[PDB]
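> sharing an experimental structure here, sequence included.
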Amino acid sequence: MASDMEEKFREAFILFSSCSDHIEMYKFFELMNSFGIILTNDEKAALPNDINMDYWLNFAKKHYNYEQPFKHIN
């Protein structure tokens with residue numbers, strides 16, 4: 001379920017941010033490739049300059065892991 005998956009996102013978030021509920025923007029993209037979530041140019045332009053746990057969870061809800069299963073040659 002989403003909440004159970006949310007727990008994993010939260011734990012990873014804390015690992016990357018090391019502390020607080022906010023993640024550095026440079027440390028943010030590496031957080032997502034770890035789950036297989038890719039950020040498009042349009043989305044990067046749309047994300048708030050300060051990202052917290054909730055935004056990560058929700059953004060992760062949206063991508064989940066179905067962007068393109070077995071995405072090859074890219």
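Nice, thanks for sending it over. Residues are numbered from 1 along each chain as shown.

> from here on, contacts and neighbour counts on C-alpha atoms
Fine.

> what's the closest non-adjacent residue to the residue nearest the centre of the chain?
Closest to where the C-alpha atoms of the chain average out (Cα atoms, centre = their mean) is residue 32, at 4.2 Å. Nearest non-adjacent residue to residue 32, counting by Cα to Cα, 6 or more residues apart in numbering: residue 38, 6.7 Å away.

> and the next helix or strand past the longest helix along the chain?
If you go by DSSP state H, the chain has its longest helix at helix 2-17. Remark: after helix 2-17, the chain's next helix or strand is strand 22-23, criterion DSSP states H and E.

> tell me what that next one is packed against?
Under the contact criterion of 3 or more Cα pairs under 8 Å, 6 or more residues apart in numbering; DSSP states H and E, strand 22-23 touches helix 2-17, strand 51-52.

> quick one on the thing from earlier: distance check, the residue nearest to the centre of the chain against residue 74.
Separation of residue 32 from residue 74 (Cα to Cα, to the nearest Å): 16 Å.

> for residue 67, same thing?
Following Cα to Cα, the distance that separates residue 67 from residue 74 is 13 Å.
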